[PDB]
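# Structural characterization, general
Below, each chain spelled out in residue letters.
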Amino acid sequence: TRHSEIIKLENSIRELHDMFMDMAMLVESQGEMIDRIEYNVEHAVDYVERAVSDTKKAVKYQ
Amino acid sequence: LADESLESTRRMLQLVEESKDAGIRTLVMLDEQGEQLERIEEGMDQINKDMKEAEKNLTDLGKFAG
Amino acid sequence: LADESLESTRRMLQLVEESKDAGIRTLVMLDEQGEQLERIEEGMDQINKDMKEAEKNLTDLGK
Amino acid sequence: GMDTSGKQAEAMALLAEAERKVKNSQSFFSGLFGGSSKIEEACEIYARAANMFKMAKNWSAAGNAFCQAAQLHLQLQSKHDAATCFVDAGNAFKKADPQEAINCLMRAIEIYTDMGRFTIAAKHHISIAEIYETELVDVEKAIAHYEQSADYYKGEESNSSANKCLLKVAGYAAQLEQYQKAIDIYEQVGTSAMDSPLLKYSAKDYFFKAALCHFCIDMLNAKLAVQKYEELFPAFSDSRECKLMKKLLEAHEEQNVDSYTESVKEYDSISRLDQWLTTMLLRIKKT
Amino acid sequence: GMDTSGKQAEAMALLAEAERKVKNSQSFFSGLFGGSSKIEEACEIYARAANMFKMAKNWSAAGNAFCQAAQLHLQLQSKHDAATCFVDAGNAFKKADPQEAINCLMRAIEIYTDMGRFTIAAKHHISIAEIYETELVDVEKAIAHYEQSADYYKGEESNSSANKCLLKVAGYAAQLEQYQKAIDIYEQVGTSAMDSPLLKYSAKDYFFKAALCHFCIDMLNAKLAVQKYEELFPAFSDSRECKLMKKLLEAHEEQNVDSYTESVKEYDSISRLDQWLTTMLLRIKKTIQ
Amino acid sequence: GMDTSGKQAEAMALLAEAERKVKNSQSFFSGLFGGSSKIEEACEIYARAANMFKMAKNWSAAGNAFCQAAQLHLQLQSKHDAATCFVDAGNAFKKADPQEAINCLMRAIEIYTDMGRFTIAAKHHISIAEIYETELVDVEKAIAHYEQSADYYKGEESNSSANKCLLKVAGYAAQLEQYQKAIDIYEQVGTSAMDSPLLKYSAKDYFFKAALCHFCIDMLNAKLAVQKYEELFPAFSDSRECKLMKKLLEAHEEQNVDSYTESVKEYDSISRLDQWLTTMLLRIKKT
Amino acid sequence: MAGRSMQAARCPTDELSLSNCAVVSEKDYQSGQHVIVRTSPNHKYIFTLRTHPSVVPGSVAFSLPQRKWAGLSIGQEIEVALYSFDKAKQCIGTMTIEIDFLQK
């Protein structure tokens, strides 16, 4: 019965290994995307801030 | 030998099954955040374009008025 | 058979240690992403509040 | 404690000020025609009053104030802020009394779908289904809500979201002695799960489930379905599930009740079963 | 469906109103002036009608309305609204009839690359490739689309997506295209992955695929390829793939179908074989002579 | 491809008409002084001509156009647009000739620091450091850039990025045989990681590397250092790394190469080693 | 005799299970008629009919042996058409039968 145990151990260990590699790949991709979206969001924040500042000054000129 | 072997097989089986199930569950959940994240990128870029074009057109119109 | 068991044991050792080693760094990466999420949330909230107040003030002034 | 009492006291004060505001605002509009700024100010007063009501731990009155603000705002020919107020009132009404929460969330879904946005409507639909399931027993409405949200999600190409809703609907349908819908949903999702590089490993499980419910008919149909699935997924026999199904079929053919019980117990020991599986297996054993 | 019946009734009502609005447009372009706002309102009602048609399950009608609104909008010196409407029409046409979806998506791609947003253009290209390969029985255009997507991704520094795209296109081409491109792409991706700690533990599979591609052509060159790989990657020697390949080539040298068959069956005993690998093994077997 | 090259020549003609625009600035703008939007659209045509160059795979021309557009656009106004153009030019110059990419990136760094955006500045600092590592051979400049980026990151409590930057810096310094800084950084990062339940499995390697660095300088104090580490972390002895270090240091008391060689080979038999570790061991164990 | 769509059902009585007839409604057929049951282009089976009052119109009932021979599932759709023998060519002279105990 122990030989069946060792066979199933090998199979499950091999499966868990492959799973983990897939998760590592997906996590890396998600991190890359998070970096790019954070950059874009900060740029948009700065752009809108200066936009509102300039628009308020233009209104004040009136 | 018998008692220790039975202990080992039982614990190995239960631990392996737990790890397998948890791994499959994490596998299945990751895709939901992936797709949502595609969606949020879409919305973010649309917002960026819209606001940029709006402000540039409005500055041009204000210059025309003034 | 017993030597087959021993070599299979070596295989189990190697596989388990490799999986644990990769687990450590995967957890570190997850922590980094969790860290970045809060900052992006805060920046998004700030921009939303600023744009809302600015546009509402401009609309009220237009009247 | 003391902070809550003070918040509620000033909240009643602001509610009196707000009723005065609305009354005098209609009076001043009639007598002077001052515009609509006073109405917006009254709406803001209502919003802040509802916020401090929530701070005071009185969700019913906070939701009432939010609904009043929403209706006054939609009377002002503006929707998005009214929709936000309606959803806030629904969230407030989630606890305590959730009945009117259902109606207000229906109104929010109606306005959202009128605008043309789908994902938020699907989220509200699933939330309403969850409310019905957790607090009520009318599972028919929950089935309808889950199916509608799933349909929206698939139409918007959100297959991942649709899969969970379909699985929930199939499970609930199988629970209420209905097997056609469960069989169809389970087999469809399993087939669409064949090629997933990630989900393929779990693709077996759904198939097994279907077989179980398909056995609620009789020995034979079940054999044909399981062998068809085995051909369609050649590796399906690798797992112990096919062995267990074969054991169940052979034991039930000869009426070997004790062996069937012992095999089920052995499977439970190696891997425990949930309430649904135990109930289904016991129901199968009855005949 | 009663809800569907009323939905279709109001859809027809909106279509009639849109016909009246195109009458308004042609009258304000020839009879009146300043009709740009009027035709903008016409576009608004067209978009409402298309969205509610999509709600009505009438995908073809929704797509046709979307396309009509988009082409009408193009004339107003507006391009991004045109791109969004084209993307909506393509999404509507994804199901049912996707042929015109390809044309609309190509137009949207052209406009996008005219502006300069490449990443979204690459995603739309990959969507075109996937729909073509899943629904249209042809692979060469899929190869071209994957090459374009890889070029766009690698030109924007997005390395991982380009790597996956290149791996997929190379693997597919190896099936029905000369193996030289497959060898080159597999070697390139393996070299890129080795230094990185991400796929360094998975590069053995890519080296195995490259070695199989080498073997499918000739043996001596395959032996040179495997010895070069194990020289450059010392850890591959212990890889079970290395022993499997050595056994396979040793058997092939003597021309014994029996030993090769039993070895591949033993390898299949553990884990499981794949369709592409099985086909490659059968193809190399069939020329044993 | 070949067809887009002709339109790249047409984009060179677009640059020629932009030369005509600056000629307008020279002579005609006296009567068109209000045409600052003319300068803005000149910058826009510059930018899209540079985009066509990029699509034409003329990296030098694309970078030249980007730099010219940035220089013309940074008229003390719209500084963020100029910074975006400069970073685009730097990315274009990353391939082919990256030398001027460093200068354009430093200008963008200065602009952002004046603005106060520390995160993007630190990211660009890391970018310039890594391009130094992979293209040039200088390490000291990369070391200084990494130290500055780590300071900027730690300013805003971004501890993980600073910790990894310091880990790389400490590794390089250990390669550059400055062991005091290496041990300081390694101890700091390991002890900080031991604070959180998340990263409690990772210290073992950090402490092992710190012990190696310490044992490189003074072997007599290595025993005291490892004892202090063990009493600090009671589960540091159970690990195989501590056992291997103890075995090596006890064997070094007697001049027997065979013991340590067999120990290192046995350790390598379970897992492969890295270039840094192997080189450090080969250097230290020589005496 | 063009053939019609039916649903397969379970045999209603023990006695009828032992008859080897397919069991039908009096509304659909008459006892002693023969039919061809079609499950696919390549799968056709001939049965003799017997009526029983309990059979629901639009269904044909089969015993477990019949279901296991013809490959039928309870609930499945089948096509059924009347079949006429040529009795000049179909009156059994001799028939060889393999036999064994049913229950071990």
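Residues numbered from 1 in each chain as written, not as in the entry; some residues may be left out. Chains lettered and ligands numbered in written order. Part of a larger assembly, values for the part shown. Heavy atoms only, no water.

If you look chain D up in the PDB entry, it shows as Alpha-soluble NSF attachment protein from Rattus norvegicus. This entry's official PDB title is "22bin20S complex (NSF-alphaSNAP-2:2 syntaxin-1a:SNAP-25), hydrolyzing, class 15". You can read under Function in the UniProt record for chain D the words "Required for vesicular transport between the endoplasmic reticulum and the Golgi apparatus. Together with GNA12 promotes CDH5 localization to plasma membrane." Here is the UniProt Subcellular location comment for chain D, exactly as written: "Cell membrane". (UniProt positions renumbered as here; feature names shortened; annotations may be inferred.)

Per the PDB entry, chain E carries the name Alpha-soluble NSF attachment protein and comes from Rattus norvegicus. On record in UniProt, under Function, the comment for chain E is "Required for vesicular transport between the endoplasmic reticulum and the Golgi apparatus. Together with GNA12 promotes CDH5 localization to plasma membrane." Taken from UniProt, the Subcellular location comment for chain E reads in full: "Cell membrane".

Moving on, we come to the pattern of salt bridges. Across all of its chains, the model carries 26 salt bridges over all chains by this definition. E32 of chain A is the salt-bridge partner of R36 of chain A, the closest N and O atoms lying 2.9 Å from each other. Taken together, the residues span about one helical turn, with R36 of chain A and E32 of chain A both in helix α1 (residues 2-61) at a distance of 4 residues. Here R36 of chain A falls in the partly exposed class, since its relative accessible area comes to 27%. Residue classification places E32 of chain A among the partly exposed residues on the basis of a relative accessible area of 31%. Of the charged contacts in the structure, one is a salt bridge between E7 of chain C and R11 of chain C, with a shortest N-O distance of 2.3 Å. Taken together, the residues span about one helical turn, with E7 of chain C and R11 of chain C both in helix α1 (residues 2-62) at a distance of 4 residues. In this structure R11 of chain C comes out as partly exposed when scored by relative accessible area, which is 36%. (Salt bridge = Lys/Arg side-chain N within 4 Å of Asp/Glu carboxyl O. Helix = DSSP H or I, 4+ residues; strand = E, 2+ residues; numbered from the N terminus. Buried < 20%, exposed > 50% of the residue type's maximum accessible area, 1.4 Å probe, protein only.)

To continue, consider empty space enclosed by the protein. Residue and element names in this part refer to chain F. According to the stated counting rule, one finds 9 cavities of 30 Å³ or more in the structure shown. By volume, the largest cavity amounts to about 190 Å³. Lining the largest cavity are 14 residues, with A211, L212, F215, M245 and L249 positioned closest to its centre. Counting only elements with at least two residues in the lining of the largest cavity, the list comes to α10 (203-217), α11 (220-232), α12 (240-252) and α14 (275-284). Per-element accounting of the lining of the largest cavity gives the leading share, 4 residues, to α11. Per-class residue counts for the lining of the largest cavity are 13 nonpolar, no polar and 1 charged. Roughly 100 Å³ of internal volume is contained in the second largest cavity. (1 Å grid on protein atoms, 1.4 Å probe; cavity = no way out; pocket = protein on both sides within 12 Å on 5 of 7 lines; lining within 4 Å. Points joined across faces, edges and corners; volume = space filled by probe spheres on them. Nonpolar A, V, L, I, M, F, W, Y, C, P; charged D, E, K, R; others polar.)

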